[PDB]
Amino acid sequence: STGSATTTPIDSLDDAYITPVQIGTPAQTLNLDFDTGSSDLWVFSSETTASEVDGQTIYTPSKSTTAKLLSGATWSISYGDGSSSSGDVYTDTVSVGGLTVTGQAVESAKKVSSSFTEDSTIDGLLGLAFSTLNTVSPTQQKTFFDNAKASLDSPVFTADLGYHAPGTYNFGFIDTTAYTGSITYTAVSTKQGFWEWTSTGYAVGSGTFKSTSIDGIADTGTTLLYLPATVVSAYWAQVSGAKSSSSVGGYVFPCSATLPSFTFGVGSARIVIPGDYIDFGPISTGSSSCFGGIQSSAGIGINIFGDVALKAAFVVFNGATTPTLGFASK
């Protein structure tokens, strides 16, 4: 089997992407944030504290003839950005782009933090990291990908995120028309439960490539590119007036600037992030100070190849017995 679904930016900055997901019988379609940095499929629901729901579409398990309470199971998650959610668990039928999994754990939120409430466009998350990170207790549950894998034509999914435009998540096949050149594959460590890999270096603009190993995660659920302070300083030093602002929480730059590109290495191959992808607009409405899309990972504890990086590529998440990651230009 295969599936193919369009993923759409939630706003004009590509802060996140939502993909429609069918849950239950009859289908209830929710727009979920596909997140290769976590492993829980959780939704706003009829059980979510009413004051914490503000415009989201909810899953109502009592209206699904295929929903079953997973007795005794609870979940609770905290994300790198400080947001969180928790609740109980149903199993139900879940379909993405024509690909159907029966018996998928659907984690129903009883509580969500303010960041989720305040974002009306995201009805929940669909985790695509390794199932070892799933938070369901006392019986850990599998991700949608893990459940689908054996049925897929090939045990892969691909992320093709757009810049200020829709893109695609495919399951079970590689669309050879969706990228240019060849796909370069690189080793993955699953030791921390992430799609963790090592970039071979970077360049800033038309500058020379610096060969250096950068361990990090491919994370569709993180907006920005978080890299070591040395790398980030070298990037922003090429933008007149750019500075790290402790009050804003990262590098800012004059909105009048033209940003240089940023290149990262995948083996001997190179992915080029155009400068415009690195512009996240005014820090507050009407400001002429703009927020940078490349930020320091210092104090996160891990480097993160988030949407800023991934949207410059066609990315293969290969879930073969030994997982690997593939990147192509597009």
# chains A, B, ... in the order shown; residues from 1 in each chain; ligands from 1

$ select_by_dssp --residues "stretch 18-267 of chain A" --states "alpha helix (DSSP H)" --output "PyMOL selection string"
chain A and resi 114-117+144-148+229-236

$ select_by_dssp --residues "stretch 91-317 of chain A" --states "strand (DSSP E or B)" --output "ChimeraX atom specification"
/A:91-96,99-112,124-127,137,156-160,167-171,184-187,189,196-204,210-218,225-227,243-245,250-254,262-266,269-273,279-282,289-292,294-296,303-305,314-317

$ closest_residue --among "A:99, A:165, A:69, A:53" --to "residue A:22" --atoms "only C-alpha atoms"
A:99

$ closest_residue --among "A:167, A:303, A:183, A:52" --to "residue A:118" --atoms "only C-alpha atoms"
A:52

$ closest_residue --among "A:116, A:253, A:226, A:130" --to "residue A:289" --atoms "only C-alpha atoms"
A:253

$ closest_residue --among "A:5, A:229, A:234, A:188" --to "residue A:326" --atoms "only C-alpha atoms"
A:188

$ atom_distance --atom1 "atom CA of residue A:61" --atom2 "atom CA of residue A:93"
11.0 Å

$ atom_distance --atom1 "atom CA of residue A:265" --atom2 "atom CA of residue A:200"
4.7 Å

$ residues_around --residues "residue A:240" --least-positions-apart "2" --cutoff "8 Å" --atoms "only C-alpha atoms" --output "PDB file with C-alpha atoms, in the first residue's frame"
ATOM      1  CA  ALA A 237      28.257  37.921  10.728  1.00  0.00           C
ATOM      2  CA  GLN A 238      27.488  38.148   6.982  1.00  0.00           C
ATOM      3  CA  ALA A 242      22.399  41.379  12.722  1.00  0.00           C
ATOM      4  CA  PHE A 253      18.416  41.389  11.693  1.00  0.00           C
ATOM      5  CA  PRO A 254      17.306  44.567   9.929  1.00  0.00           C
ATOM      6  CA  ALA A 257      18.647  43.184   4.667  1.00  0.00           C
TER       7      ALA A 257
END

$ closest_atom_pairs --of "stretch 170-250 of chain A" --to "stretch 132-146 of chain A" --cutoff "9 Å" --atoms "only C-alpha atoms" --output "JSON lines"
{"residue": "A:171", "atom": "CA", "partner": "A:145", "partner_atom": "CA", "distance": 8.1}
{"residue": "A:192", "atom": "CA", "partner": "A:133", "partner_atom": "CA", "distance": 8.2}
{"residue": "A:193", "atom": "CA", "partner": "A:133", "partner_atom": "CA", "distance": 5.8}
{"residue": "A:194", "atom": "CA", "partner": "A:133", "partner_atom": "CA", "distance": 8.3}

$ residues_around --residues "residue A:15" --least-positions-apart "6" --cutoff "9 Å" --atoms "only C-alpha atoms" --output "list in words"
residues 9, 222, 223, 224, 280 and 307 of chain A

$ write_last_selection --atoms "C-alpha atoms" --output "short mmCIF file (atom, residue, chain, number, x, y, z; two decimals), in the first residue's frame"
data_model
loop_
_atom_site.label_atom_id
_atom_site.label_comp_id
_atom_site.auth_asym_id
_atom_site.auth_seq_id
_atom_site.Cartn_x
_atom_site.Cartn_y
_atom_site.Cartn_z
CA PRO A 9 1.67 25.95 5.95
CA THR A 222 10.44 22.37 14.65
CA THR A 223 10.16 25.58 12.63
CA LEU A 224 13.75 26.78 12.58
CA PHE A 280 10.84 35.02 9.80
CA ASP A 307 11.56 23.09 8.63
#

$ closest_atom_pairs --of "stretch 219-246 of chain A" --to "stretch 24-43 of chain A" --cutoff "10 Å" --atoms "only C-alpha atoms" --output "JSON lines"
{"residue": "A:219", "atom": "CA", "partner": "A:37", "partner_atom": "CA", "distance": 4.8}
{"residue": "A:220", "atom": "CA", "partner": "A:35", "partner_atom": "CA", "distance": 5.2}
{"residue": "A:221", "atom": "CA", "partner": "A:35", "partner_atom": "CA", "distance": 4.3}
{"residue": "A:222", "atom": "CA", "partner": "A:37", "partner_atom": "CA", "distance": 7.8}

$ write_last_selection --atoms "N, CA, C and O atoms" --output "short mmCIF file (atom, residue, chain, number, x, y, z; two decimals), in the first residue's frame"
data_model
loop_
_atom_site.label_atom_id
_atom_site.label_comp_id
_atom_site.auth_asym_id
_atom_site.auth_seq_id
_atom_site.Cartn_x
_atom_site.Cartn_y
_atom_site.Cartn_z
N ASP A 219 13.74 17.15 11.97
CA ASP A 219 12.55 17.38 12.79
C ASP A 219 11.54 18.29 12.09
O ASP A 219 11.65 19.52 12.14
N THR A 220 10.54 17.68 11.46
CA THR A 220 9.54 18.45 10.76
C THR A 220 8.66 19.27 11.70
O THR A 220 7.97 20.19 11.25
N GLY A 221 8.66 18.95 12.99
CA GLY A 221 7.86 19.66 13.97
C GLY A 221 8.53 20.85 14.62
O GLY A 221 7.94 21.46 15.51
N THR A 222 9.74 21.17 14.20
CA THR A 222 10.44 22.37 14.65
C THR A 222 10.51 23.32 13.46
O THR A 222 10.85 22.91 12.35
#

$ decode --residues "stretch 204-243 of chain A" --atoms "N, CA and C atoms" --output "PDB file, in the first residue's frame"
ATOM      1  N   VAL A 204      28.322  29.518   4.126  1.00  0.00           N
ATOM      2  CA  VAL A 204      27.491  30.711   4.238  1.00  0.00           C
ATOM      3  C   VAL A 204      27.578  31.456   2.918  1.00  0.00           C
ATOM      4  N   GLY A 205      26.436  31.675   2.281  1.00  0.00           N
ATOM      5  CA  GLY A 205      26.412  32.359   1.002  1.00  0.00           C
ATOM      6  C   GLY A 205      27.325  31.693  -0.008  1.00  0.00           C
ATOM      7  N   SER A 206      28.145  32.497  -0.687  1.00  0.00           N
ATOM      8  CA  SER A 206      29.054  31.978  -1.696  1.00  0.00           C
ATOM      9  C   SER A 206      30.418  31.617  -1.101  1.00  0.00           C
ATOM     10  N   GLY A 207      30.479  31.544   0.225  1.00  0.00           N
ATOM     11  CA  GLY A 207      31.700  31.229   0.936  1.00  0.00           C
ATOM     12  C   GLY A 207      32.151  29.793   0.777  1.00  0.00           C
ATOM     13  N   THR A 208      33.371  29.530   1.208  1.00  0.00           N
ATOM     14  CA  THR A 208      33.919  28.194   1.091  1.00  0.00           C
ATOM     15  C   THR A 208      33.238  27.247   2.078  1.00  0.00           C
ATOM     16  N   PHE A 209      33.112  25.998   1.668  1.00  0.00           N
ATOM     17  CA  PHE A 209      32.516  24.977   2.504  1.00  0.00           C
ATOM     18  C   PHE A 209      33.466  24.573   3.621  1.00  0.00           C
ATOM     19  N   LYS A 210      32.949  24.595   4.842  1.00  0.00           N
ATOM     20  CA  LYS A 210      33.659  24.140   6.033  1.00  0.00           C
ATOM     21  C   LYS A 210      33.282  22.694   6.337  1.00  0.00           C
ATOM     22  N   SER A 211      34.254  21.794   6.231  1.00  0.00           N
ATOM     23  CA  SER A 211      34.032  20.396   6.546  1.00  0.00           C
ATOM     24  C   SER A 211      34.113  20.209   8.051  1.00  0.00           C
ATOM     25  N   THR A 212      32.997  19.811   8.647  1.00  0.00           N
ATOM     26  CA  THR A 212      32.924  19.624  10.077  1.00  0.00           C
ATOM     27  C   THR A 212      31.674  18.816  10.367  1.00  0.00           C
ATOM     28  N   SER A 213      31.778  17.876  11.294  1.00  0.00           N
ATOM     29  CA  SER A 213      30.644  17.019  11.633  1.00  0.00           C
ATOM     30  C   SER A 213      29.652  17.724  12.545  1.00  0.00           C
ATOM     31  N   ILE A 214      28.384  17.742  12.134  1.00  0.00           N
ATOM     32  CA  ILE A 214      27.316  18.365  12.915  1.00  0.00           C
ATOM     33  C   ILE A 214      26.218  17.333  13.142  1.00  0.00           C
ATOM     34  N   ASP A 215      26.157  16.793  14.352  1.00  0.00           N
ATOM     35  CA  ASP A 215      25.148  15.803  14.706  1.00  0.00           C
ATOM     36  C   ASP A 215      23.839  16.524  14.984  1.00  0.00           C
ATOM     37  N   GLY A 216      22.738  16.068  14.408  1.00  0.00           N
ATOM     38  CA  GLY A 216      21.473  16.711  14.678  1.00  0.00           C
ATOM     39  C   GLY A 216      20.307  15.858  14.246  1.00  0.00           C
ATOM     40  N   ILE A 217      19.091  16.354  14.456  1.00  0.00           N
ATOM     41  CA  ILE A 217      17.903  15.577  14.145  1.00  0.00           C
ATOM     42  C   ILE A 217      17.111  16.219  13.022  1.00  0.00           C
ATOM     43  N   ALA A 218      16.532  15.384  12.167  1.00  0.00           N
ATOM     44  CA  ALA A 218      15.613  15.852  11.148  1.00  0.00           C
ATOM     45  C   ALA A 218      14.236  15.931  11.773  1.00  0.00           C
ATOM     46  N   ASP A 219      13.738  17.152  11.973  1.00  0.00           N
ATOM     47  CA  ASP A 219      12.546  17.379  12.786  1.00  0.00           C
ATOM     48  C   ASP A 219      11.542  18.290  12.090  1.00  0.00           C
ATOM     49  N   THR A 220      10.545  17.681  11.465  1.00  0.00           N
ATOM     50  CA  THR A 220       9.538  18.450  10.758  1.00  0.00           C
ATOM     51  C   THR A 220       8.657  19.275  11.698  1.00  0.00           C
ATOM     52  N   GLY A 221       8.658  18.946  12.988  1.00  0.00           N
ATOM     53  CA  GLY A 221       7.861  19.656  13.971  1.00  0.00           C
ATOM     54  C   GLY A 221       8.527  20.852  14.624  1.00  0.00           C
ATOM     55  N   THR A 222       9.742  21.175  14.198  1.00  0.00           N
ATOM     56  CA  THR A 222      10.439  22.370  14.650  1.00  0.00           C
ATOM     57  C   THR A 222      10.509  23.324  13.464  1.00  0.00           C
ATOM     58  N   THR A 223      10.201  24.595  13.698  1.00  0.00           N
ATOM     59  CA  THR A 223      10.164  25.582  12.632  1.00  0.00           C
ATOM     60  C   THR A 223      11.539  25.914  12.059  1.00  0.00           C
ATOM     61  N   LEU A 224      12.479  26.185  12.959  1.00  0.00           N
ATOM     62  CA  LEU A 224      13.753  26.781  12.582  1.00  0.00           C
ATOM     63  C   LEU A 224      14.904  25.778  12.507  1.00  0.00           C
ATOM     64  N   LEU A 225      16.058  26.280  12.080  1.00  0.00           N
ATOM     65  CA  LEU A 225      17.298  25.517  12.026  1.00  0.00           C
ATOM     66  C   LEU A 225      18.163  25.933  13.212  1.00  0.00           C
ATOM     67  N   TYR A 226      18.426  24.984  14.112  1.00  0.00           N
ATOM     68  CA  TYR A 226      19.201  25.239  15.330  1.00  0.00           C
ATOM     69  C   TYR A 226      20.534  24.517  15.215  1.00  0.00           C
ATOM     70  N   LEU A 227      21.619  25.287  15.249  1.00  0.00           N
ATOM     71  CA  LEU A 227      22.963  24.775  14.998  1.00  0.00           C
ATOM     72  C   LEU A 227      23.940  25.325  16.048  1.00  0.00           C
ATOM     73  N   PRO A 228      25.166  24.783  16.104  1.00  0.00           N
ATOM     74  CA  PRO A 228      26.110  25.252  17.128  1.00  0.00           C
ATOM     75  C   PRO A 228      26.376  26.740  17.001  1.00  0.00           C
ATOM     76  N   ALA A 229      26.683  27.365  18.128  1.00  0.00           N
ATOM     77  CA  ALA A 229      26.858  28.811  18.187  1.00  0.00           C
ATOM     78  C   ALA A 229      27.921  29.315  17.237  1.00  0.00           C
ATOM     79  N   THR A 230      28.979  28.532  17.045  1.00  0.00           N
ATOM     80  CA  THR A 230      30.044  28.908  16.116  1.00  0.00           C
ATOM     81  C   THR A 230      29.510  29.072  14.693  1.00  0.00           C
ATOM     82  N   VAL A 231      28.706  28.108  14.259  1.00  0.00           N
ATOM     83  CA  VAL A 231      28.135  28.095  12.911  1.00  0.00           C
ATOM     84  C   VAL A 231      27.164  29.252  12.737  1.00  0.00           C
ATOM     85  N   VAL A 232      26.318  29.453  13.738  1.00  0.00           N
ATOM     86  CA  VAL A 232      25.297  30.488  13.680  1.00  0.00           C
ATOM     87  C   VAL A 232      25.929  31.895  13.667  1.00  0.00           C
ATOM     88  N   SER A 233      26.972  32.092  14.471  1.00  0.00           N
ATOM     89  CA  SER A 233      27.685  33.358  14.489  1.00  0.00           C
ATOM     90  C   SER A 233      28.304  33.638  13.122  1.00  0.00           C
ATOM     91  N   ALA A 234      28.895  32.614  12.514  1.00  0.00           N
ATOM     92  CA  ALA A 234      29.487  32.778  11.191  1.00  0.00           C
ATOM     93  C   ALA A 234      28.434  33.178  10.149  1.00  0.00           C
ATOM     94  N   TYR A 235      27.229  32.626  10.250  1.00  0.00           N
ATOM     95  CA  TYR A 235      26.159  33.015   9.335  1.00  0.00           C
ATOM     96  C   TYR A 235      25.779  34.490   9.529  1.00  0.00           C
ATOM     97  N   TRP A 236      25.420  34.868  10.749  1.00  0.00           N
ATOM     98  CA  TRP A 236      24.869  36.202  10.985  1.00  0.00           C
ATOM     99  C   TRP A 236      25.910  37.303  10.852  1.00  0.00           C
ATOM    100  N   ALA A 237      27.192  36.948  10.961  1.00  0.00           N
ATOM    101  CA  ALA A 237      28.257  37.921  10.728  1.00  0.00           C
ATOM    102  C   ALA A 237      28.239  38.439   9.288  1.00  0.00           C
ATOM    103  N   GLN A 238      27.585  37.718   8.379  1.00  0.00           N
ATOM    104  CA  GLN A 238      27.488  38.148   6.982  1.00  0.00           C
ATOM    105  C   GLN A 238      26.270  39.017   6.700  1.00  0.00           C
ATOM    106  N   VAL A 239      25.520  39.384   7.740  1.00  0.00           N
ATOM    107  CA  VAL A 239      24.330  40.213   7.588  1.00  0.00           C
ATOM    108  C   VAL A 239      24.564  41.510   8.365  1.00  0.00           C
ATOM    109  N   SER A 240      24.676  42.634   7.665  1.00  0.00           N
ATOM    110  CA  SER A 240      24.937  43.900   8.346  1.00  0.00           C
ATOM    111  C   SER A 240      23.834  44.225   9.326  1.00  0.00           C
ATOM    112  N   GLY A 241      24.224  44.537  10.554  1.00  0.00           N
ATOM    113  CA  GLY A 241      23.280  44.907  11.591  1.00  0.00           C
ATOM    114  C   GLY A 241      22.646  43.759  12.363  1.00  0.00           C
ATOM    115  N   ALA A 242      22.945  42.518  11.995  1.00  0.00           N
ATOM    116  CA  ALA A 242      22.399  41.379  12.722  1.00  0.00           C
ATOM    117  C   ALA A 242      23.059  41.271  14.086  1.00  0.00           C
ATOM    118  N   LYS A 243      22.287  40.830  15.071  1.00  0.00           N
ATOM    119  CA  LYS A 243      22.800  40.669  16.418  1.00  0.00           C
ATOM    120  C   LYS A 243      21.979  39.655  17.157  1.00  0.00           C
TER     121      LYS A 243
END
